[PDB]
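Quick heads-up: it's one chain on its own, the form deposited in one PDB entry, in structure tokens.
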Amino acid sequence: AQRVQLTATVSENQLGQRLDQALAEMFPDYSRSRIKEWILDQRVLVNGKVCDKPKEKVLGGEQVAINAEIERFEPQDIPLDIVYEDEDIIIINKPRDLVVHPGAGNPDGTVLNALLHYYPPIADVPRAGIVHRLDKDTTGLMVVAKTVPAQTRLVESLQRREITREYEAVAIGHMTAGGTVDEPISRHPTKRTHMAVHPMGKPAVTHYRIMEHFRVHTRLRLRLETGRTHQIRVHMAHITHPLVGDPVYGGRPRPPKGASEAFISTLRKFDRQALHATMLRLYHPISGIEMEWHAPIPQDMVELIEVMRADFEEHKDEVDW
């Protein structure tokens, strides 16, 4: 546990603040509740005297002294599909049902826990060398830094927009043209599950091109300039082409008129955003040599795309036999 020793004097305009509130302002490196625990446990002196009432009001000019002490994520046996690894980086093909980094609702079971198990020295790299995210139910490529120099350099490459991250997706609706969504993204004001386009969000740019038309769906490839939470899903939804199977931004599946039983079945069962990180291209953070990796389209999407393709081709003739 780490020994904490801190001194300061309450500023005159802090007159009337609670002891815990005033200490929080003087020492913002330490959480509010932490400071409260320190006070109650007789670890704060005020003018050479122990003061243990967190609610007690300061006057300004009080000399404060604290003498206290302090005290991460666990490795988990979770298999990873490693596409490429060298001394500096790892490229993984992430399956669905796998969160990248611990957060609210997912304390563990994540790619980060998996990395801590596979290569324990990665604990010395910020966020276990994870430099960009994929959603839990998005499949495909991620690059991960194994070392501190590699991580710093990959982060610089992202800031300078020198990493290409391409995805393949199936979107709802007929789309006429490729283009760009450049709309900032924030947390949704009222729906805690959602992100949203919002003037006060973080700037976000997605480029998209049409690979193939289906009857009431469209296959896309996208390239990101930024990697905000849910960026593709929310941008595609914003322009009224939410991703097939998206459980948050999509609505009820709408099959086209006269869709086969197999088409209707495949479409209704598809229970994740039809979204896959398909290609990554970067300058190696150590050698600066240009490199490119591909993750094959997963079977779930292959079946979805083939059914939609057979449907579109069939209904380009008066054929029903």
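Heads up, when I say rigid core I mean the largest set of C-alphas that superpose within 1.5 Å between the two forms. In this text, residue numbers run from 1 along the sequence as written.
J.: Tell me which of 295-303 and 12-20 has the higher mean C-alpha B-factor in the deposited entry.
T.: Here the higher of the two C-alpha B-factor means belongs to 12-20.
J.: Between 197-205 and 234-242, point out the one with the higher average CA B-factor as the PDB entry records it.
T.: Here the higher of the two C-alpha B-factor means belongs to 197-205.
J.: Out of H284, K257, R281, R268, which shows the largest CA B-factor listed in the entry?
T.: If I rank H284, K257, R281, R268 by C-alpha B-factor, first place goes to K257.
J.: At the C-alpha atoms, which of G227, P95, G129, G251 reaches the highest B-factor in this entry?
T.: So the option with the highest C-alpha B-factor is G251.
J.: By its CA B factor, does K191 count among the lowest, middle or highest third of the modelled residues in the chain?
T.: As the PDB entry reports it, the C-alpha B-factor of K191 lands in the highest third of its chain.
J.: Which third of the chain does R219 land in by C-alpha B-factor: lowest, middle or highest?
T.: Answer is lowest: the recorded C-alpha B-factor places it there.
J.: Could you tell me which third, lowest, middle or highest, the C-alpha B-factor of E71 occupies within its chain?
T.: For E71, the deposited C-alpha B-factor lands in the highest third.
J.: According to the PDB entry, is the CA B factor of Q159 in the bottom, middle or top third of its chain, that is, lowest, middle or highest?
T.: Ranked within chain, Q159 CA B lands in the highest tercile.
J.: Which third of the chain does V64 land in by C-alpha B-factor: lowest, middle or highest?
T.: Within its chain, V64 is a highest-third residue by C-alpha B-factor, going by the deposited values.
From this point on, the text means the form deposited in another entry, which you will not see here.
J.: Overlay on the rigid core first, then point out the one of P189, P199, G105, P120 whose CA is displaced 2 Å or more between the shown form and the other one.
T.: The one that shifts is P199.
J.: Core aligned, does the CA of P247 move at least 2 Å between the shown form and the other one?
T.: For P247, whose C-alpha is compared between the shown form and the other one after core superposition, the shift is less than 2 Å.
J.: Core aligned, does the CA of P285 move at least 2 Å between the shown form and the other one?
T.: No, the C-alpha moves less than 2 Å.
J.: Compare the CA separation of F214 and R254 in that other deposited form with the one in the displayed structure, and answer closer or farther (the difference is at least 3 Å).
T.: Farther apart in that other deposited form, by 3 Å or more.
J.: So the Cα-Cα distance between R127 and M200 shifts by 3 Å or more in that other deposited form; is it shorter or longer than what we see here?
T.: Result: farther.
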